[PDB]
């Protein structure tokens, strides 16, 4: 049932920040594999739940989280990147200033925790609806961001940057801000507020 979404841009449009080969592999192989496996896992899960094998249904959870999370995360990620991303809306900039002091402080803080992820993971700018504040967080592997609405994600799995940056993850994390799609991020903010 789930399908690989088309990117909102061509494979080379994020250069020089992220290469054509990376976009191509990342979308057509990595995200595709999460979608394919996700469809298969939902299948195994239904069989277990419909036949009453609660134990097997529990055993299938990590695979749903990993693949389901991979599909969720990458789907958001593509919308979060743009050749010409613009700037935050007035409402978002104001909120950024409120909760982080400045965009510069937010970028530094999110870059820092994202760079610090041990192993594979994601860094996120999110909106917490209960306390009505922007927050930053990281997630391991493909765990989706929970407890807050995702606004902007930074994939630090090595496949997100290795072909171009090799070991130098910090340069990729710092450079991704150049292609942050503030139009999309601001839209996600607006919707998270409503």
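Positions refer to the first chain, counted from 1.
**Q** As stated in the PDB record, which stretch has the larger average Cα B-factor, 153-161 or 140-148?
**A** Mean C-alpha B-factor is greater for 140-148.
**Q** Between 83-91 and 114-122, which has the larger average Cα B-factor in the PDB entry?
**A** On average, C-alpha B-factors are higher across 83-91.
**Q** Of the options 26, 166, 129, 65, which has the highest CA B factor as deposited?
**A** Reading the PDB entry, the winner on C-alpha B-factor is 129.
**Q** Just say lowest, middle or highest third for the CA B-factor of residue 46 relative to the other modelled residues in its chain.
**A** Residue 46: CA B-factor falls in the highest third of its chain.
**Q** Among all modelled residues of this chain, ranked by Cα B factor, put residue 103 in the bottom, middle or top third, i.e. lowest, middle or highest.
**A** Highest third, going by the recorded CA B-factors of the chain.
**Q** Taking only the Cα B-factors deposited for this chain, tell me whether residue 39 sits in the lowest, middle or highest third.
**A** Residue 39: CA B-factor falls in the highest third of its chain.
**Q** Going by the CA temperature factor in the PDB record, which third of the chain does residue 33 belong to: lowest, middle or highest?
**A** Lowest third, going by the recorded CA B-factors of the chain.
**Q** Per the entry's values, where does residue 15 land by CA temperature factor relative to the rest of its chain, in the lowest, middle or highest third?
**A** It belongs to the highest third of the chain when residues are ordered by C-alpha B-factor.
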